Amino acid sequence: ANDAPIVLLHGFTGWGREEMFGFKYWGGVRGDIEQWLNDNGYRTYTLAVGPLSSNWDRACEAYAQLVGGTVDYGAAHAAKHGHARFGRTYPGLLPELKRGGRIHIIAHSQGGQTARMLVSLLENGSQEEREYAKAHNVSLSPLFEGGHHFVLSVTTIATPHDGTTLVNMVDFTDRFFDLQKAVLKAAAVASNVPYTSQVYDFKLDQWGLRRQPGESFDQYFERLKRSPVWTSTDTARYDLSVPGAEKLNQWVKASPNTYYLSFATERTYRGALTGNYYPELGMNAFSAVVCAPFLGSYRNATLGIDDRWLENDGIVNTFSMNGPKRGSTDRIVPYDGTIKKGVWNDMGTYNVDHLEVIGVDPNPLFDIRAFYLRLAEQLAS
Ligand SMILES: [Ca+2]
Ligand SMILES: [Zn+2]
C-alpha cells in the first residue's frame, strides 16, 4: 500500500549517528540497522532526543528534528516546570512532512511512549497550551494546534507502556546511572575519562545542563542525579514508573488514523518453588546481576503488581510491553496476519533481552537483520 519512510527512536539510553564514535544505538555490536534498511530499499532516518527528558520534551524535540526549526516545549509547560521554553535548532530531516508526507516510527523502550505522545500531540494538540497562549498573548507551536496527522504507523519494541518496576528498586538512582555506564562500556567508552568531544550528549539545554571541560561521565552523572531532570516530575524517570505511565495513558490515546504494532521481549525462566523469574543464560551481564533479580521478584499489592509482572527482559516487565492497559482505553488484539488501524496489533513475544534486541548486547541465535527487515516489510504492507 505505502511509501512511508521509517524513523528510528531510541529509549532512555540513545544517541545520534555521530555520537559514541559511530557505535550505533540501532545495531550496537551486530551492525547498523539504518544502513541495512537503506540497502534493502526502505528509506530510514534516526532521531536523537534527550534520553532522560520527559516524553513531552522528547516529543517536542522529535517534532523539531523532523520538520526543522527550533524546539518549542510550550510556554505553559516550561512555566509549570521551570525550564527554558525554546531549545536547539534543527534543519529538518523530512521537509516533505510540511506537504502531506507520512512516516512510520520504530521505537525501542521508552521511545514507544514518546512515539505515542508525538502522535497524540500531532493530531489533537494540547488544549492547555492553546489556552495559555490566548490568555498570556504569546506564540504557539504548530505542534499544539492539532490537525497535523502525519504518522502512519507506530511500532514499539520492549516499551514500558504500563511502566516498569525497575524504578521501585531501593538503589534505582545509582543503578540507573550504572546502566548508562554499562551502555557506555559496550561502546568502548570509559566513565572515568574527561573526554573533549561530546561523545554522548544528553540534550539537556532546556535545563541548562551540559557536561564540563575535564568532567568525566562518572562526575557528570553525580550532578545529573541531583538535577531537575532526575528529581522533577518532568523526567523519563517519572513517565517510566507505574503511576507515571498510567498518567500518560490517561491522555495519550491511540489515534484512529495510525496503525500500532507491539513487540514484547523476555529473557527469563520461572522458578517452580518461588514463582520468581530469573535471568536466562546469555542475558546481558549488567541486567543479569543488577536488575533482573529484582524485576523477577518484586511484588506490591498496592500497585497491583503480582506474578504477571515478574516475567521480564532484563529492564522492563514483559507484561508492560503489548500496549498500554493501566489508565488506558486503547484496544490490543493479537496479530492475525493483518495490521488493523486504530488499535494495538500485538506481534507477540521474543526470547531476546532489552539490549539484545537493538543489538547492543550480542546474541548469536537472534537474527537481528531478518528481524528488522520483517518489521520494515510489515510496515510497507
Ligand atoms: Ca546476550
Ligand atoms: Zn519539560
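All residue numbers refer to positions in the sequence shown, counting from 1. When a ligand or atom number is given, it counts from 1 through the structure's own listing order. Values below: all heavy atoms of this structure, side chains included; hydrogens, waters and symmetry mates excluded.
- At a cut-off of 3.0 Å, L355 is not counted among the residues with an N, O or S atom near the Ca ion (ligand 1).
- Between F176 and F12, the two ring planes are tilted [angle within 30° to 60°].
- The name of the N, O or S atom in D57 nearest to the Zn ion (ligand 2) is OD1.
- Counting backbone and side-chain atoms alike, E356 contributes an N/O/S atom closer than 3.0 Å to the Ca ion (ligand 1).
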Inset, instruction - Applying salt bridge (charged side-chain N to carboxylate O under 4.0 Å, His left out), run through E377 and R374 and close with a yes or a no. - result: CA-CA 5 Å; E377 165 160 79; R374 175 162 71 264; over 6 Å; no
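- Under a 4.0 Å N-O distance rule, the pair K80/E128 does not qualify as a salt bridge.
- Interatomic distance, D234 CG to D57 CG, rounded to the nearest 0.5 Å: 4.5 Å.
- Sorting the N, O or S atoms of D361 by how far they are from the Ca ion (ligand 1) puts OD2 first.
- Residue contacts to the Zn ion (ligand 2): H81 brings no N, O or S atom closer than 2.8 Å.
- A perpendicular orientation is assigned to the rings of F263 and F371, their planes being inclined by more than 60° (bins at 30° and 60°).
- Here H83 reaches the Zn ion (ligand 2): one of its N/O/S atoms is less than 2.8 Å from the metal.
- Here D239 does not pair with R58 in a salt bridge; the nearest charged N to carboxylate O distance is not below 4.0 Å.
- Of all N/O/S atoms in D234, OD2 sits nearest the Zn ion (ligand 2).
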